[PDB]
Amino acid sequence: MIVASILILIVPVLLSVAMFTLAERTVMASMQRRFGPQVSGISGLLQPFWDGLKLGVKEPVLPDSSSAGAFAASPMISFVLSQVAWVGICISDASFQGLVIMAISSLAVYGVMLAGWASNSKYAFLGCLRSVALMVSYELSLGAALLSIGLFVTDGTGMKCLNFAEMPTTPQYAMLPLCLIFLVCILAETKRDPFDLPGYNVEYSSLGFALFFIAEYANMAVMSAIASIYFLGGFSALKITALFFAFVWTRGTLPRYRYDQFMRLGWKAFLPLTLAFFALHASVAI
Amino acid sequence: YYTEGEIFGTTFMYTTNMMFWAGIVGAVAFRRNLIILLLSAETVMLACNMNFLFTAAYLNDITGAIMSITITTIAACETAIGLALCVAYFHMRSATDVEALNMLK
Amino acid sequence: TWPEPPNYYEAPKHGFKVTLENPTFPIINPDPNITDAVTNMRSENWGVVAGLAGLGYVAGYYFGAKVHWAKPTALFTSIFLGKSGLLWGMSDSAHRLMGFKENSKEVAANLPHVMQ
Amino acid sequence: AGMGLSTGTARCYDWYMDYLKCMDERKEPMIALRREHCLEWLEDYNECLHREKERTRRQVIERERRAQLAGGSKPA
Amino acid sequence: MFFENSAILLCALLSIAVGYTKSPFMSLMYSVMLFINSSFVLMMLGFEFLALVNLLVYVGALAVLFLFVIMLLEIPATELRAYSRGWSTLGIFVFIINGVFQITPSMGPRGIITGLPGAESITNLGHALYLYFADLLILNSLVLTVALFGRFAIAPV
Amino acid sequence: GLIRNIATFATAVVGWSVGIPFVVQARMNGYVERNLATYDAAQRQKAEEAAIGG
Amino acid sequence: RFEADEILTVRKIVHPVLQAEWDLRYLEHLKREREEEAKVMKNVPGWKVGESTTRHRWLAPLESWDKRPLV
Amino acid sequence: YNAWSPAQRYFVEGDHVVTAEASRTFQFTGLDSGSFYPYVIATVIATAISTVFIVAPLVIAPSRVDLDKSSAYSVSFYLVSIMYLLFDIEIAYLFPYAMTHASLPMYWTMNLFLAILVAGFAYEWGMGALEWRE
Amino acid sequence: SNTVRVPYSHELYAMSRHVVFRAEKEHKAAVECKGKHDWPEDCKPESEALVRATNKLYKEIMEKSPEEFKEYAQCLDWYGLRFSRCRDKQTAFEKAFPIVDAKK
Amino acid sequence: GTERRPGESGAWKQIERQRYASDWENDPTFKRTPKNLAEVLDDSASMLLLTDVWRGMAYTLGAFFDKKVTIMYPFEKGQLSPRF
Amino acid sequence: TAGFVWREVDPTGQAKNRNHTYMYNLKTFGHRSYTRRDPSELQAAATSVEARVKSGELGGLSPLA
Amino acid sequence: XXXXXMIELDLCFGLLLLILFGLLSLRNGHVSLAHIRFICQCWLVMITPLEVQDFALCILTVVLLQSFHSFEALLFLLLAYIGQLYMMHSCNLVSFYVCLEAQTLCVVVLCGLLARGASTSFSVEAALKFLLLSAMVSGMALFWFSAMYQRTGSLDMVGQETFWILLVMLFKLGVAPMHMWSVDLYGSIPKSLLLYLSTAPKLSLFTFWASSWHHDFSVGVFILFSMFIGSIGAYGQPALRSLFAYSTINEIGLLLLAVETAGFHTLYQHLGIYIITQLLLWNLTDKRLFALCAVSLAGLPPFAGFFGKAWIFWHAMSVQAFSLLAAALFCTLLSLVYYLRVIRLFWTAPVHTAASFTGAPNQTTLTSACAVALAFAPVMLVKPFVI
Amino acid sequence: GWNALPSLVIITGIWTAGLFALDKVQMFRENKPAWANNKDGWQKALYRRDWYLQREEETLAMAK
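Residues numbered from 1 in each chain as written, not as in the entry; some residues may be left out. Chains lettered and ligands numbered in written order. Part of a larger assembly, values for the part shown. Heavy atoms only, no water. Residues with missing side-chain atoms left out of burial classes, pairs and counts.

The deposited coordinates for this entry were obtained by cryo-EM, with a reported resolution of 5.44 Å.

Peer 1: Before we move on, could you go through the overall build of chain H and cite the residues and values that matter?
Peer 2: Scanning chain H for helices and strands turns up four helices and zero strands. Along chain H, helices (α) and strands (β) appear in the sequence α-α-α-α when read from the amino end. A globule of 134 residues ought to have a C-alpha radius of gyration of about 14 Å, yet chain H, at 28 Å, is considerably larger. Along the longest, intermediate and shortest principal axes, the C-alpha atoms of chain H span 70 × 70 × 20 Å. For chain H, the computed accessible surface area is about 5,400 Å², with 64% contributed by carbon and sulfur atoms. Charged side chains in chain H number 5 positive and 11 negative. The centres of these two groups are separated by 13 Å. (Helix = DSSP H or I, 4+ residues; strand = E, 2+ residues; numbered from the N terminus. Rg over C-alpha atoms; globule rule 2.2 N^0.38 Å. Areas by Shrake-Rupley, 256 points an atom, 1.4 Å probe, with all protein chains shown as cover. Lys, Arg positive; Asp, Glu negative; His and termini not counted. Charge placed at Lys NZ, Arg CZ, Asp CG, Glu CD.)

Peer 1: So what's going on with the pattern of salt bridges? Residues and values would help.
Peer 2: All told, the structure shown has 63 salt bridges over all chains when counted by the stated rule. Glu-37 of chain G is paired through a salt bridge with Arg-34 of chain G; the nearest N and O atoms lie 3.0 Å apart. A residue pair is termed a helical-turn pair when its members lie 3 or 4 positions apart in one helix, as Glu-37 of chain G and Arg-34 of chain G do in helix 1 (residues 2-40) at three residues. Accessibility expressed as a relative area gives 27% for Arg-34 of chain G, which makes it partly exposed. Between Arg-5 of chain J and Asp-43 of chain J there is a salt bridge, with its nearest N and O atoms 2.3 Å apart. Of this pair, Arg-5 of chain J sits in the segment before helix 1 (13-18) while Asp-43 of chain J is found in helix 3 (residues 37-47), placing the two residues 38 residues apart along the sequence. For the pair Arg-5 of chain J and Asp-43 of chain J, one class covers both residues: buried. (Salt bridge = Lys/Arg side-chain N within 4 Å of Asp/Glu carboxyl O. Buried < 20%, exposed > 50% of the residue type's maximum accessible area, 1.4 Å probe, protein only.)

Peer 1: Could you give an account of the interface of chain B and chain E, with specific residues and numbers?
Peer 2: Across the contact, 64 residues belong to chain B and 74 residues belong to chain E. Taking both sides of the interface into account, the surface hidden between chain B and chain E amounts to around 6,400 Å²; carbon and sulfur atoms contribute 76%. Our enumeration of links across chain B and chain E arrives at zero salt bridges. Inspection of the chain B/chain E interface yields eight residue pairs in polar contact. When residues of the side of chain B that touches chain E are traced back to their parent elements, those giving at least two are helix 1 (4-30), helix 2 (34-59) and helix 3 (63-97) of chain B. (Contact = heavy atoms within 4.5 Å. Buried area = accessible area lost by both parts, 1.4 Å probe. Polar contact = N/O pair within 3.5 Å; in protein donor to acceptor, adjacent residues only side chain to side chain.)

Peer 1: Account for the side chain of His-18 of chain I, with residues named and values stated.
Peer 2: Residues and elements named next belong to chain I. By the element assignment, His-18 lies in helix 1 (residues 9-22). Residue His-18 is classed as buried on the basis of its relative accessible area, which comes to 0%. Looking at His-18, its side chain comes within polar contact range of the main-chain oxygen of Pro-98, at 3.5 Å. Residues within four places of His-18 in sequence aside, it is in contact with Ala-23, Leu-57, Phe-93, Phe-97, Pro-98 and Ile-99.

Peer 1: Quick one: what's the story with the state of the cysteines, residue by residue and with numbers?
Peer 2: Residues and elements named next belong to chain D. If you walk through the whole model with that rule in mind, you get four disulfides over all chains. The disulfide that involves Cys-12 links it to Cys-48, with 2.0 Å between the sulfurs. Judged by the sign of its S-S torsion, about -95°, the cystine formed by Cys-12 and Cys-48 is left-handed. Here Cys-48 lies in helix 3 (residues 39-50) and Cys-12 lies in the segment before helix 1 (13-25), a separation of 36 residues in the sequence. (Disulfide = S-S within 2.5 Å.)

Peer 1: Break down empty space enclosed by the protein for me, with residues and values.
Peer 2: Considered as a void within the structure, the largest cavity measures approximately 290 Å³ in volume. Around the largest cavity sit 21 residues that line it, and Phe-130, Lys-172, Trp-181, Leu-197 and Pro-201 of chain L are the ones nearest its centre. Elements with a minimum of two residues in the lining of the largest cavity: helix 5 (93-113), helix 6 (120-152), helix 7 (162-172), helix 8 (180-188), helix 9 (191-197) and helix 10 (200-212) of chain L. When the residues that make up the lining of the largest cavity are grouped by side-chain class, the tally is 13 nonpolar, six polar and two charged. Within this model, the second largest cavity holds a volume of roughly 150 Å³. What lines the second largest cavity is a set of 15 residues, among which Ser-105, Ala-108, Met-135, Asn-219 and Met-223 of chain A lie closest to the centre. Of all the elements in the fold, those that place two or more residues in the lining of the second largest cavity are helix 3 (68-90), helix 4 (97-107), helix 6 (122-150) and helix 8 (206-230) of chain A. Sorting elements by how many residues they give to the lining of the second largest cavity places helix 8 of chain A first, with four residues. (1 Å grid on protein atoms, 1.4 Å probe; cavity = no way out; pocket = protein on both sides within 12 Å on 5 of 7 lines; lining within 4 Å. Points joined across faces, edges and corners; volume = space filled by probe spheres on them. Nonpolar A, V, L, I, M, F, W, Y, C, P; charged D, E, K, R; others polar.)

Peer 1: Quick rundown of the nonpolar core? Include the residues and the values.
Peer 2: If you look at the biggest cluster of nonpolar residues, it comprises 454 residues, and the most contacted ones within it are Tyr-230 and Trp-267 of chain A. If sequence neighbours within four positions are ignored, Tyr-230 of chain A has contacts with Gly-98, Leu-146, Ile-149, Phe-164, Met-167, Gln-172 and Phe-182 of chain A. Judged by nonpolar contacts, the second largest core, of 42 residues, contains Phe-11 and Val-17 of chain H together with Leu-50 and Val-51 of chain I. (Core = buried A, V, L, I, M, F, W, Y, C linked by side-chain atoms within 4.5 Å.)

Peer 1: Mind laying out a nonpolar patch on the surface, listing which residues take part and the relevant values?
Peer 2: On the surface, a cluster of nonpolar side chains totalling about 970 Å² of accessible area is made up of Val-11, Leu-15, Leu-46, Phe-49, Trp-50, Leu-53 and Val-57 of chain A together with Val-55, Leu-58, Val-59 and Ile-60 of chain H. Among the elements of the structure, helix 1 (2-30) and helix 2 (47-57) of chain A are those that each provide at least two residues to the nonpolar patch. When residues in the nonpolar patch are grouped by element, the largest group, four residues, is from helix 2 of chain A. Summarising the element assignment, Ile-60 of chain H is placed in the loop between helix 2 (37-55) and helix 3 (75-98). (Patch = residues over 30% accessible without salt bridge, like charges linked within 9 Å, V, L, I, M, F, W, Y side chains within 5 Å.)

Peer 1: If you had to explain the UniProt feature "transmembrane region" (unreviewed entry) in chain H to someone new, which residues and values would you point to?
Peer 2: Residues and elements named next belong to chain H. In the numbering adopted here, UniProt assigns the feature "transmembrane region" (unreviewed entry) to residues 36-60, 75-95 and 107-126. Taken as a whole, residues 36-60 contains 76% helix and 0% strand, while its terminal C-alpha atoms sit 38 Å from one another. Taken as a whole, residues 107-126 contains 100% helix and 0% strand, while its terminal C-alpha atoms sit 28 Å from one another. (UniProt positions renumbered as here; feature names shortened; annotations may be inferred.)

Peer 1: Explain the packing of aromatic side chains residue by residue, including any values.
Peer 2: For the coordinates displayed, the defined rule picks out 86 aromatic pairs over all chains. Here the aromatic rings of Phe-68 of chain E and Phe-77 of chain H are separated by 4.3 Å at their centres, their planes lie at 45°, and the arrangement is tilted. Of this pair, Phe-68 of chain E sits in helix 3 (residues 48-73) while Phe-77 of chain H sits in helix 3, on two different chains. For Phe-68 of chain E, a relative accessible area of 2% corresponds to the buried category. (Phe/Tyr/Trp six-rings, centres within 6.5 Å; stacked < 30°, edge-to-face > 60°.)

Peer 1: Describe the packing of helix 3 of chain A against helix 2 of chain H, and please don't skip the residues or the numbers.
Peer 2: At a closest axis distance of 8 Å, the pairing of helix 3 of chain A and helix 2 of chain H adopts a crossing angle of 145°. The crossing of helix 3 of chain A and helix 2 of chain H is right-handed. Two secondary-structure elements touch here, helix 3 of chain A through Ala-72, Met-76, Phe-79, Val-80, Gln-83, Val-84, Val-87 and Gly-88 of chain A and helix 2 of chain H through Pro-38, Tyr-39, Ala-42, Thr-43, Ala-46, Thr-47, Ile-49, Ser-50, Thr-51 and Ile-54 of chain H. Partitioned by chemical class, the residues of the contact of helix 3 of chain A with helix 2 of chain H number 12 nonpolar, six polar and no charged. (Axes fitted to C-alpha atoms, helices over the stretch in contact; angles between N-to-C directions. Left-handed = near helix turned anticlockwise from the far one by under 90°.)

Peer 1: Before we move on, can you summarise helix 5 (residues 89-99) of chain E with the specific residues and values?
Peer 2: Inspection of helix 5 of chain E places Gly-91, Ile-92, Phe-95, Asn-98 and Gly-99 of chain E among the buried residues, and these make up the whole buried set. One face of helix 5 of chain E carries all of its buried residues, which in axial projection span an arc of 125°. Opposite its buried face, helix 5 of chain E presents the exposed residues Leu-90 and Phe-93 of chain E, each directed more than 90 degrees away. Buried-residue contacts for helix 5 of chain E involve helix 1 of chain B together with helix 1 (2-20) of chain E. (Arc of directions from axis to C-beta.)

Peer 1: Hey, could you go over the arrangement of the chains for me, with residue numbers and the actual values?
Peer 2: Counting contacts across all 45 pairs of chains found in contact, the highest total belongs to chains B and E. Between chain I and chain J there is no contact, and the shortest C-alpha to C-alpha distance separating them is 39 Å. Contact between chain I and chain L is absent, and the least distance between their C-alpha atoms amounts to 22 Å.

Peer 1: If you had to explain the packing of helix 3 of chain E against helix 3 of chain H to someone new, which residues and values would you point to?
Peer 2: Between helix 3 of chain E and helix 3 of chain H, whose axes approach to 10 Å, the crossing angle comes to 175°. One way to sum up the angle between helix 3 of chain E and helix 3 of chain H is to call them roughly antiparallel. Taken together, the residues of the contact of helix 3 of chain E with helix 3 of chain H sort by class into 21 nonpolar, two polar and one charged. (Parallel < 35°, antiparallel > 145°, perpendicular 65-115°, else oblique.)

Shown next, in the form of structure tokens:
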């Protein structure tokens, strides 16, 4: 029963992640005055499937000068974290469900670090740290934004919690700057533009690479669901697709930042703003 | 002569005590470096926190949570300071020792 | 056994520092505010506050002269000593208001119609 | 100190208060001397905290059960 | 309750394993697993919030810095006597005396205790933190400031 | 030996999980026996007190 | 706040009823335990069933229905 | 978990209930509200899936042995990670306050905490500690 | 032994309004009994009377308007004691079974 | 626009220079200082709330609803000349 | 306080030494006490409830059949 | 009402103002902070309660603030003093642990920062050693505190578990054989920080012991360890730093002996005399007065060390503690050897004192010459004064 | 973009079908459309009491 529910959640996640990368390609083409994937199946409705099967039949190569166990487990760990985050999104009743998912997302930093130490690549050694530091820095601001959200989440019994079903069914018009900063932090968390400077999985291959991309896009969808629940006033497929459309829109229009530049931006513009907004919300909500 | 809850409480206490003494001894006994010493001290703090929370649940009192938070704060602060000091020492003594950071050799 | 339901909307009216006493003088206001304390502050409090502020100003101007930045040093130091002395005096005034110090001069000050 | 985690007070808080009351109301110059006259309240607080004696009684009961089932197996 | 007790026992197993191994990366991985399982078992004690606090802090913040320090400071020195010099017998003998047979346990004369699930109230926790131990909260603020200032003053330049 | 490491790790985990409970229960048995002896001694003490106290 | 106050009123009304039902069923369980103990310790000299360990304050049982392990 | 005392079973006697709990179905509305239990089973399932996807290309892909195929083609981190440590601890401190109906003096004490926090943070700002040239 | 139990949580929540209006004296007596003593044996008559009154009130409801009370309780059970979502059913039930006697 | 700002320079020598020397003010290519509340609000709207990403976003989105130049080889070919 | 205490001497001397921790807990939470009910009250209440059960203004002990 | 807790709010406000003021002063290109030092002294004065011990510790720290010149170290010392003062007010083991660990972290940071020259590496190593051993001792204290919390279910510091609390209290004073961390610290760290360590945490711990500590055991064997080991080591170590380290070990053993037989008046006065001597020690510029420290430590009659040891012996005999009294006498005798050695090393020598070049001409004459006026103290001391 | 529109509709339809199926499955499992509600120890106590009461009713159901 519980296992069956887990699998029923799993299937749309994988299918839709395949569709997300396909549609990201195709919308990028549409915004680039081209068609994109169209031959591989009806209107190209079969590209990610063949890509996954191809990387499945492709040969996995293991370096002989490192620890291959971590090399295997790091994409495995990231995929496990993505599945656990999805389960906590849909199959959970925890009182601090949002905090649970935040702590879960904090864990995905290791997979990049595990890969970076695993392979004997100097630029992997550097880029893994760069991406780690970026996500770590933005995690504090994400937590501050959730802190601000939690200042008004109340159930009927009168207890303040983080349950998703008790979130108001209305958008939060009074926290639009907080929503914008949270969306930019989400953008940063997924190594997307303008934070695609770090890849770490350069020496990876095959279904390991497939699982890295699965974890990346699954975390993107998880953050999208979090944002929809928090600011858009509910959880629905329409909002997920709209947020993904907007994210592709932003990726296809902007270049990326420099390392220390987004470091400075996050550490001098985003976290203090979230702190001030949290203080203001706490003051008013009294 | 006893119930399952007695089993669970006894197991909790014995495990916590063994964790405490393992985190106390094993790092120096196995002759690792300072980083492992800090990590084992962190483990000691974790075991003490587990015991405190167990006691608080045994009493339905609030002291255990305060103890937990304070232990977390102090342990993290001391670990970070020790790591900074260790990195400074590493840079300062690099040219002549290599095996500087293992004082259990 | 069965617990009491929580009162999520009522927090205990508790102060983390407790005097562990009962007042030994007639009680005017157990819980006066800042303005209450200011309204009945004694001239001795103001005098000691002014003296502390002036001493801080003089000392700060002397000590900042070595670094040629004496005026702001003295200003900040005087404000520091002034807020310290003001806090002390307000605390004493509140203590008198709460019956833990003599308030004979004040019992005939904050009772316009209960003067006698 | 005495505040409860899920309740306002601890589950044996009144017994600690009773022992403290007994200790306070005395007049002996020593707490150790004052410890002597209020042994019963301290013991009751101990039994509230650990319930040792009920455990011992139940253990004796099960010991007698084992004696009555091992030493005696009278069939129908 | 086979699996719950097995998870409880896994904690001390991982604790010994942390010092047992010679690879610093393996030690840190063992510590991370131990922290996670410790939080999960404490979750059986009804502390949802505290488990997440411990998880967040130690995994996301401290273990990351551990791995970073090791990776910036540790060329493999395992064969550098870490396997060829061994371990002190007195340490393991003392550890056995202390933790296997536990001649000096926490309970002392008591030999049996009952473990019972709790009821964590974040409302009561906040009441205590900000009404009963507010002074200690400010002291913790001062300690955090001590850590920050000391770290930034001990910078290697 | 990556798979060898996995095998040793799993064997250690299983052996620990099956062996530690036996020692824990041995401790429990010893403590129960000792407390039974203690209670019997206390009962005998109370009997003597009743006898010589009238 | 209005909804929470209404629910608080509801629970305040409810509490004594569940308390009373708990008390009655716990007393019945006590009586059954006393019956079992009397059946067991029939021949034990110096044994007394229903012996109160405490002196003044009654003690509730250590474990209850509400407090269960999460996972 | 299964109950082991009639008090835990609300003084309901019988054998049917014991076996019922032994092979019960998981239900949030049953006996395991806020259980966190599906996380572990999700972990098991994800472990299985990831292991299978690791194993499969080692079965359906030809292999060739080459020597060269088996070869790969700062303190700012210290500052950031330690600051993250401290600030995450501070956020954990702040979180319960956001989950309560705190009072005015509670608000003022929270503001005192935040004031000390921002004092240290701003000191670090003004000394060039947040400029990541190095 | 004898089986003593009270109706389910949804039933108790739905009929809790009638408790104060028709079972008040036993309510207050039990309140004072609990406030005075800690040994449950010493509140046995009050507790038994409270349980008997509760069950009698429950039987009174099912004897007069069982279907409306049934569906209101079902609505409450489906929504988990959230009275906001079953206002119509509450109104219909209170119409069928007034909490206090009308036109007496 | 092509104007420059203090803090938007991507270096350290230039950033350290402009925060410790007003040399950029003498440069006319740097956007001049706001002088009233209106100009301050304009600058805030420039920096916060993006308003620079928004234009390129809108143009790309219009490109989404725009036509394409893609050809279906081999069922379509290109244009060539006899000199090929 | 919960972790600190300050000791001072009464200028008047009308203060008697007591356990400051006991006073702290007393002013903080108060104290709850109970007494054993007199038996005759128990038989009186039981007889009254029995009479009300017999007369028919009180219900049974279970809502089921 | 919070009206009775104004001074703590004042402490917080003053710390915030100090942070902002220090930030602002640094943008001006200032290079000295004597204004900050005097402001910190004033804030220490204001935050101090009216207890004699509180004022003693406050003034002791106030004089000590003249020996530092970095803002951050000033802040660390302020916070360490806060921890010490509140340790004199700690009525529970939670606050006791927090104060100890805050003081330990402050000590570690202060030792680490102020190093210069090639000595830096050894200072770092000693500081890290102290941090590691402090962490393990703190974990021990937390473990036994949790055990006591379980057994008692209260915040009372009673029972068998208090023995380990006593052990942890011993470790902070360098009680031999838990003395070697003190020796290591004496080995490398500059004189100002060691000057701090010998006085403040020991004073605060003795006061907290006197106010809120009791136990049902003895510490006599540890007293024997401290006395004998310190005496022999100070005899045998040619290094002046380790000589004074083992001297400190012997003196803390003497203080523990005074503790075990109660009579805290002699404990207090001897602690004050020894702290005065340590203050005179670490700010010495002329070597002629250096032997006065030895004769004030060797128990020579005309100066205060002799009487400070003398009432201690009087109270030890007041309980007829024959064993530890004889041990203290023999260790006092053994002190004289290396004290005379010190006298030879820095009295029967040519007189030479380097002149200042960067101004600050003998910047500590006043405190030195003031601490010298201890020969006039025994006049007031001989009467029942400290009690 | 006519080429990406099929993918755009497919993503929404996939999530719709998955959410609808999960809704049906979890409704069959829990038998009330509110199981995701926040619950304290009070609601937990009520739920566990009710479950044990249903079990007790079944126990007494097999007695007549």
